[PDB]
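The file start-v2.pdb comes next; it holds PDB, C-alpha atoms and all ligand atoms.
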```pdb
MODEL        1
ATOM      1  CA  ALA A  15      33.833  -6.153  20.057  1.00  0.00           C
ATOM      2  CA  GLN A  16      30.670  -8.207  20.793  1.00  0.00           C
ATOM      3  CA  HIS A  17      30.251  -4.840  19.030  1.00  0.00           C
ATOM      4  CA  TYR A  18      30.920  -6.686  15.699  1.00  0.00           C
ATOM      5  CA  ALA A  19      28.174  -9.143  16.457  1.00  0.00           C
ATOM      6  CA  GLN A  20      25.703  -6.404  17.394  1.00  0.00           C
ATOM      7  CA  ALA A  21      26.499  -4.518  14.156  1.00  0.00           C
ATOM      8  CA  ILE A  22      25.702  -7.595  12.074  1.00  0.00           C
ATOM      9  CA  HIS A  23      22.535  -8.292  14.035  1.00  0.00           C
ATOM     10  CA  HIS A  24      21.284  -4.732  13.587  1.00  0.00           C
ATOM     11  CA  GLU A  25      22.315  -4.577   9.903  1.00  0.00           C
ATOM     12  CA  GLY A  26      20.318  -7.759   9.133  1.00  0.00           C
ATOM     13  CA  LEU A  27      17.295  -6.381  11.046  1.00  0.00           C
ATOM     14  CA  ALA A  28      17.576  -3.173   9.070  1.00  0.00           C
ATOM     15  CA  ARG A  29      17.559  -5.103   5.807  1.00  0.00           C
ATOM     16  CA  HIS A  30      14.539  -7.013   6.950  1.00  0.00           C
ATOM     17  CA  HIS A  31      12.601  -3.890   7.622  1.00  0.00           C
ATOM     18  CA  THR A  32      13.696  -2.309   4.368  1.00  0.00           C
ATOM     19  CA  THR A  33      12.287  -5.336   2.450  1.00  0.00           C
ATOM     20  CA  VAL A  34       9.040  -5.234   4.439  1.00  0.00           C
ATOM     21  CA  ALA A  35       8.765  -1.516   3.579  1.00  0.00           C
ATOM     22  CA  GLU A  36       9.329  -2.215  -0.154  1.00  0.00           C
ATOM     23  CA  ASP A  37       6.697  -4.998  -0.135  1.00  0.00           C
ATOM     24  CA  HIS A  38       4.190  -2.666   1.480  1.00  0.00           C
ATOM     25  CA  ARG A  39       4.842   0.050  -1.087  1.00  0.00           C
ATOM     26  CA  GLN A  40       4.364  -2.505  -3.838  1.00  0.00           C
ATOM     27  CA  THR A  41       1.086  -3.634  -2.275  1.00  0.00           C
ATOM     28  CA  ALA A  42      -0.056   0.009  -1.950  1.00  0.00           C
ATOM     29  CA  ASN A  43       0.557   0.573  -5.602  1.00  0.00           C
ATOM     30  CA  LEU A  44      -1.418  -2.602  -6.566  1.00  0.00           C
ATOM     31  CA  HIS A  45      -4.324  -1.182  -4.564  1.00  0.00           C
ATOM     32  CA  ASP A  46      -3.843   2.199  -6.172  1.00  0.00           C
ATOM     33  CA  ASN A  47      -4.422   0.617  -9.597  1.00  0.00           C
ATOM     34  CA  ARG A  48      -7.600  -1.013  -8.431  1.00  0.00           C
ATOM     35  CA  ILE A  49      -8.900   2.418  -7.265  1.00  0.00           C
ATOM     36  CA  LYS A  50      -8.501   3.548 -10.767  1.00  0.00           C
ATOM     37  CA  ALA A  51     -10.101   0.511 -12.343  1.00  0.00           C
ATOM     38  CA  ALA A  52     -13.055   0.704  -9.907  1.00  0.00           C
ATOM     39  CA  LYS A  53     -13.827   4.333 -10.667  1.00  0.00           C
ATOM     40  CA  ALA A  54     -13.578   3.633 -14.409  1.00  0.00           C
ATOM     41  CA  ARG A  55     -16.169   0.824 -14.081  1.00  0.00           C
ATOM     42  CA  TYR A  56     -18.436   3.053 -12.059  1.00  0.00           C
ATOM     43  CA  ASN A  57     -18.145   5.914 -14.542  1.00  0.00           C
ATOM     44  CA  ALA A  58     -18.767   3.640 -17.567  1.00  0.00           C
ATOM     45  CA  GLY A  59     -22.046   2.640 -16.022  1.00  0.00           C
ATOM     46  CA  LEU A  60     -20.880  -1.014 -15.463  1.00  0.00           C
ATOM     47  CA  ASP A  61     -20.723  -1.051 -11.623  1.00  0.00           C
ATOM     48  CA  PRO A  62     -22.770   0.997  -9.215  1.00  0.00           C
ATOM     49  CA  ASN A  63     -20.654  -0.443  -6.367  1.00  0.00           C
ATOM     50  CA  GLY A  64     -17.413   0.818  -8.029  1.00  0.00           C
ATOM     51  CA  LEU A  65     -17.083   3.949  -5.852  1.00  0.00           C
ATOM     52  CA  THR A  66     -17.496   1.878  -2.711  1.00  0.00           C
ATOM     53  CA  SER A  67     -14.858  -0.538  -3.956  1.00  0.00           C
ATOM     54  CA  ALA A  68     -12.531   2.412  -4.868  1.00  0.00           C
ATOM     55  CA  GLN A  69     -12.967   3.746  -1.317  1.00  0.00           C
ATOM     56  CA  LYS A  70     -11.985   0.375   0.195  1.00  0.00           C
ATOM     57  CA  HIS A  71      -8.910   0.120  -2.030  1.00  0.00           C
ATOM     58  CA  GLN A  72      -7.978   3.657  -0.825  1.00  0.00           C
ATOM     59  CA  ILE A  73      -8.205   2.617   2.775  1.00  0.00           C
ATOM     60  CA  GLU A  74      -5.973  -0.401   1.920  1.00  0.00           C
ATOM     61  CA  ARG A  75      -3.549   1.665  -0.107  1.00  0.00           C
ATOM     62  CA  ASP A  76      -3.181   4.232   2.673  1.00  0.00           C
ATOM     63  CA  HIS A  77      -2.788   1.495   5.354  1.00  0.00           C
ATOM     64  CA  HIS A  78       0.018  -0.132   3.375  1.00  0.00           C
ATOM     65  CA  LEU A  79       1.743   3.264   2.901  1.00  0.00           C
ATOM     66  CA  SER A  80       1.553   3.848   6.648  1.00  0.00           C
ATOM     67  CA  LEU A  81       3.051   0.349   7.357  1.00  0.00           C
ATOM     68  CA  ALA A  82       5.740   1.097   4.796  1.00  0.00           C
ATOM     69  CA  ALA A  83       6.683   4.356   6.576  1.00  0.00           C
ATOM     70  CA  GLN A  84       6.790   2.529   9.894  1.00  0.00           C
ATOM     71  CA  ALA A  85       9.075  -0.166   8.522  1.00  0.00           C
ATOM     72  CA  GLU A  86      11.341   2.496   7.076  1.00  0.00           C
ATOM     73  CA  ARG A  87      11.568   4.180  10.448  1.00  0.00           C
ATOM     74  CA  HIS A  88      12.468   0.825  12.078  1.00  0.00           C
ATOM     75  CA  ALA A  89      15.113   0.262   9.432  1.00  0.00           C
ATOM     76  CA  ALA A  90      16.600   3.698  10.140  1.00  0.00           C
ATOM     77  CA  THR A  91      16.672   2.903  13.909  1.00  0.00           C
ATOM     78  CA  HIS A  92      18.631  -0.333  13.349  1.00  0.00           C
ATOM     79  CA  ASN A  93      20.983   1.358  10.949  1.00  0.00           C
ATOM     80  CA  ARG A  94      21.894   4.000  13.509  1.00  0.00           C
ATOM     81  CA  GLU A  95      22.523   1.277  16.143  1.00  0.00           C
ATOM     82  CA  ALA A  96      24.610  -0.734  13.540  1.00  0.00           C
ATOM     83  CA  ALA A  97      26.735   2.309  12.733  1.00  0.00           C
ATOM     84  CA  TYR A  98      27.383   2.833  16.380  1.00  0.00           C
ATOM     85  CA  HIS A  99      28.659  -0.666  16.903  1.00  0.00           C
ATOM     86  CA  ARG A 100      30.710  -0.541  13.685  1.00  0.00           C
ATOM     87  CA  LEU A 101      32.392   2.563  14.966  1.00  0.00           C
ATOM     88  CA  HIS A 102      33.306   0.604  18.129  1.00  0.00           C
ATOM     89  CA  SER A 103      34.544  -2.678  16.594  1.00  0.00           C
TER      90      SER A 103
HETATM   91 ZN    ZN B   1      13.383  -4.013  14.392  1.00  0.00          ZN
ENDMDL
END
```
Output the file's structure in the form of structure tokens.
Amino acid sequence: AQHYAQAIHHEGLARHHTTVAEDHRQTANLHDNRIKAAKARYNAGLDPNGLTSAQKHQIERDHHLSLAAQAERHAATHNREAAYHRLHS
């Protein structure tokens, strides 16, 4: 049960990735609010560049969602490997 040690390793790595995923989702949502603000400026006649800015915040939002999903997938991978080793401790 070097198994125990591998379980703890993989569990900590899973937690890491879970936190990275949560941070990315939070970042995505911060971008999502700026999309909204940008469009509202544009539409109120205060910022002709506001649609361009909204588009860039969409790119950023979507990139952060994609990095979140990837982190979540890595977390799942480590959790399966952790469970395996726990079962064999
Ligand atoms: Zn990993």
Give as a VMD selection string the residues that the PyMOL selection byres (((chain A and resi 41) around 10) and not hetatm) matches when applied to the coordinates above. chain A and resid 35 to 40 42 to 46 74 to 75 77 to 79 82
Residues up to 7 Å from ligand ZN 1 (chain B), counting all atoms listed in the file: could you list those as a PyMOL selection string? chain A and resi 27-28+31+88-89+92
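Taking all atoms listed in the file, the non-local environment of residue A:49 within 10 Å (same-chain residues fewer than 5 positions away omitted) comprises residues 43, 44, 54, 64, 65, 66, 67, 68, 69, 70, 71, 72 and 75 of chain A.
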Nearest to residue A:20, chosen from A:62, A:47, A:101, A:34, with only C-alpha atoms counted in the distances: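 The closest residue to residue A:20 is A:101.
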Which of these residues is nearest to residue A:48, using all atoms listed in the file: A:100, A:24, A:73, A:86? A:73
Between atom CA of residue A:16 and atom CA of residue A:87, what distance in Å does the model show, to one decimal?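 Separation between atom CA of residue A:16 and atom CA of residue A:87: 25.0 Å.
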Taking all atoms of stretch 40-59 of chain A that appear in the file, build a box with edges along x, y and z, extend it by 8 Å on every side, and state its centre and edge lengths in Å to one decimal, as lines of an AutoDock Vina configuration file.
```
center_x = -8.8
center_y = 1.1
center_z = -9.8
size_x = 42.4
size_y = 25.5
size_z = 31.6
```
Between atom CA of residue A:81 and atom CA of residue A:23 lies a distance of 22.3 Å
What does the structure give for the distance between atom CA of residue A:85 and atom CA of residue A:21, in Å to one decimal? 18.8 Å
Expand the PyMOL selection byres (((chain A and resi 102) around 9) and not hetatm) into the explicit residue set it covers here, and present it as number ranges by chain. A: 15, 17-18, 97-101, 103
From A:63, A:57, A:93, A:84, residue lying nearest residue A:22 [all atoms listed in the file]: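 The closest residue to residue A:22 is A:93.
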